[PDB]
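> sequence and experimental coordinates follow.
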Amino acid sequence: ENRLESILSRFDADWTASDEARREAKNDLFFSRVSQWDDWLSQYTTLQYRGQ
Amino acid sequence: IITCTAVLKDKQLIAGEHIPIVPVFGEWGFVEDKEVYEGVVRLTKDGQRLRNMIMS
Amino acid sequence: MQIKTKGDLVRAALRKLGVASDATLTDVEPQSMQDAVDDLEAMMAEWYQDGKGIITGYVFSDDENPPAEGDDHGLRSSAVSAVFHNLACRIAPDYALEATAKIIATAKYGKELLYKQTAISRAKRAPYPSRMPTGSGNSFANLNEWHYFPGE
Amino acid sequence: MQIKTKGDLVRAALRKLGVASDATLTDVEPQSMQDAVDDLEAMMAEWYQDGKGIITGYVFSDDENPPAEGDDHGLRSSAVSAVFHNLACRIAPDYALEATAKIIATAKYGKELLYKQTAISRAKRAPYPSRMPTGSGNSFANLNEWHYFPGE
C-alpha cells in the first residue's frame, strides 16, 4: 500500500536482476579507463613491478 | 524524487508519452531471461592481463 | 616389538657389532651402556633439527628423571632397525672397531626409508603468485572481484 | 642432554678417539684436558668469525673465571655431536693418532647440518635497483610520486 514500499520493491527487483551485467560493465570501464591492474583486493602486501 | 527512506516528490507529471531516457547498446541479448550486453573490451581482458603479467 | 627402550637399542647395536650380547661371556660395563645412550641421544638430536629434520617420534629424556636408560624411545616399529644400525655405526669407533659393509649399507637404507615419507609430505607446490590473474573461466572468483590470485 | 659443559665435550671426543674413557683404566692428565679445552675454544672462535661464520650459541669463557672446564658450552641439543666429533678430529694429532673414517664423515655431516639453517637464513634477495621503475600498476606508489624504487 505504501508508495515508497512499492517503488523500492520495483527498484530492488530491477537492481538485483541486472547485477552481473552491471558488475562486468563497471569492470570493463575501469579496465579501459583507469588501470588494467585491477588488484584492489590485495595490493598492499608487497611492492613488485606491475607494468601496463 | 526518492531517497532510501522517503519520497520527496510524489508523482510529478512530465511532458511526453515515453520515458525520457534513451539507451544505446553494443552486443545485446538475453541468455536465460538475463540481459547481457558487451562492448569490445571484455573479451580482450584475459589476454591483456596475461601480457601485462609476463612483461612484468 | 621386543625393542622398547633406549637400552634395548644400545644392546642391539652392541650385538650387531659383535662387542657384547646376551650370549657372550663378557658384557660391557654399564658405563659403556651409558656412553652409548648419550650418543643415541646426541645422534637423535642431530637428526631431529628441532623439528626441521628427520621426524621419528623419538622421545628425548629429561634431566629430572635419573636413568636415561629405561625410558621408551617412542619410535615406530619401522624405525628401530635403522636407528640401531646407525647407532652401531656411530659407536663402533669407541672400541677401536669399524662396522662391516653390511651394517653401513643397512644404515644408509634405513635412513633413506626413514626420511622417505617426510620428503613426500614436504614436496608441496607453492601457491599462485600475487600477480597472476584468475581468468574469466573462474566465474565465481570473477563475479566476486577476485581478478588476481592472493599469493603468499 | 647429558653433555652440558666444555669438559663433557672433551671427554666425549676422547672417548670417540679411544684415548680415554670412564671405562678405561688409565685416563689422561688434567693438563691434556686443559689442552683439549684450549683446542675447542680456538676451533669455536675460528668457526664463529666474529659473528660472520657458523652460529652455534657457544659461550666463550672469560679470563677472570679461573676454570675454563666447568662452564656450560651453551650449544643447542642438535649441535653437540658435530662439535665433539670435530674436536676429536682436531685433537687426534696430539696423541700421534688419526681419526677413523667414520669420525671424519660424521664431522663433515655435522658441520654441514650446523651451517644449513644459517645458510637458509642468509639466502636473501637484494632489493630492486634504484633505477628500476615501480610501474603504473602500483597505483598507490604512483599516486604518491614513487615512480622509481629506492634501492640500497
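Done, it's in. Numbers count the residues shown, from 1 in each chain, chains lettered A, B, ... in the order given.
> quick one, what contacts residue 37?
This is for chain A. A:50, A:52, B:52, D:136, D:137, D:138, D:139 (C-beta atoms under 8 Å, 6 or more residues apart in numbering or on different chains). Using the backbone N, CA and C atoms, a C-beta is placed for each residue, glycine as well.
> my question was about chain C
Applying C-beta under 8 Å, 6+ apart to residue C:37 gives the contacts C:6, C:7, C:10, C:68, C:69.
> repeat the analysis, applying 6 Å as the threshold.
Taking C-beta atoms under 6 Å, 6 or more residues apart in numbering or on different chains, we find residue C:37 in contact with C:6, C:10, C:68, C:69.
> what is the burial count for residue C:149?
When neighbours are defined as other C-beta atoms under 10 Å in any protein chain shown, residue C:149 has 18 of them.
> looking at this, residue B:37 is in a strand?
Yes. Counting by DSSP: H, G, I helix; E, B strand; the rest coil, residue B:37 falls inside a strand.
> pretty sure it contacts residue B:25?
Yes. Using C-beta atoms under 6 Å, residue B:37 makes contact with residue B:25 at a distance of 5.2 Å.
> identify each buried residue in stretch A:32-41, please.
Buried residues in stretch A:32-41, defined by neighbour count with 16 or more other C-beta atoms under 10 Å in any protein chain shown: A:32, A:35, A:36, A:37, A:38, A:39.
> could you find the closest non-adjacent residue to the fifth one?
In other words, residue A:38. Nearest residue to residue A:38 in three dimensions, chain neighbours excluded: residue C:147, at 5.1 Å (C-beta to C-beta, 6 or more residues apart in numbering or on different chains).
> tally of neighbours for residue C:104?
Other residues close to residue C:104 by other C-beta under 10 Å number 17.
> sec struct for residue C:120, please.
helix.
> separation between it and residue C:113?
From residue C:120 across to residue C:113, the span is 12 Å (C-beta to C-beta, to the nearest Å).
> one step back: give me the PyMOL select line for the contacts of residue A:37, limited to the buried ones.
Restricted to buried positions by 16+ other C-beta under 10 Å, the PyMOL selection for these reads:
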select buried, (chain A and resi 50) or (chain B and resi 52) or (chain D and resi 136+137+138+139)
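> would you format the contacts of residue A:37 as JSON lines with distance to residue C:24 included?
Listed next are the contacts of residue A:37 as JSON lines, based on distance: C-beta to C-beta, whole Å:
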{"residue": "A:50", "distance to residue C:24": "74"}
{"residue": "A:52", "distance to residue C:24": "81"}
{"residue": "B:52", "distance to residue C:24": "76"}
{"residue": "D:136", "distance to residue C:24": "81"}
{"residue": "D:137", "distance to residue C:24": "76"}
{"residue": "D:138", "distance to residue C:24": "75"}
{"residue": "D:139", "distance to residue C:24": "80"}
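> need the contact list for residue C:83.
By C-beta under 6 Å, 6+ apart, the contact set of residue C:83 is residue C:9.
> quick one: the helix or strand containing it to helix D:80-91, angle?
If you go by DSSP states H and E, residue C:83 is part of helix C:80-91. On the basis of axes from the mean of the first three to the mean of the last three C-alpha atoms, to 10 degrees, helix C:80-91 is oriented at 30 degrees to helix D:80-91.
> next, the buried residues of helix C:80-91.
Buried, per 16+ other C-beta under 10 Å, within helix C:80-91: C:80, C:81, C:82, C:83, C:84, C:85, C:86, C:87, C:88, C:89, C:90, C:91.
> hmm, the third one is touching residue C:110, no?
Yes. A contact is recorded between residue C:82 and residue C:110 when judged using C-beta under 6 Å, the distance being 2.5 Å.
> tell me what the residue nearest the centre of chain B is bridged to.
Centroid-nearest residue in chain B, with C-alpha atoms, centre = their mean: residue B:37, separated by 7.7 Å. As for beta bridges, residue B:37 partners with residue B:28 under DSSP bridges.
> in three-state terms, label the residue in chain B that chain C sits nearest to for me.
Relative to chain C, the nearest point of chain B is residue B:49 (4.4 Å; C-beta to the nearest C-beta). Secondary structure state of residue B:49, per three-state DSSP, is helix.
> leaving out sequence neighbours, find the closest residue to it.
Here the residue nearest residue B:49, using C-beta to C-beta, 6+ apart, is residue C:133, at 4.4 Å.
> what's the burial count for the one you found?
Around residue C:133 there are 23 other residues, counting by other C-beta under 10 Å.
> need phi/psi at it.
phi -70, psi 150 (degrees, to the nearest 10).
> tell me what it is bridged to.
Beta-bridge pairing for residue C:133 (DSSP bridges): residue C:148.
> write out the residues of chain B neighbouring chain C.
With C-beta under 6 Å from any C-beta of the partner chain as the criterion, chain B comes near chain C at residues B:46, B:49, B:53.
> mind doing that once more with 10 Å?
In this structure, chain B approaches chain C at residues B:42, B:43, B:45, B:46, B:48, B:49, B:50, B:52, B:53, B:54, B:56, judged by C-beta under 10 Å from any C-beta of the partner chain.
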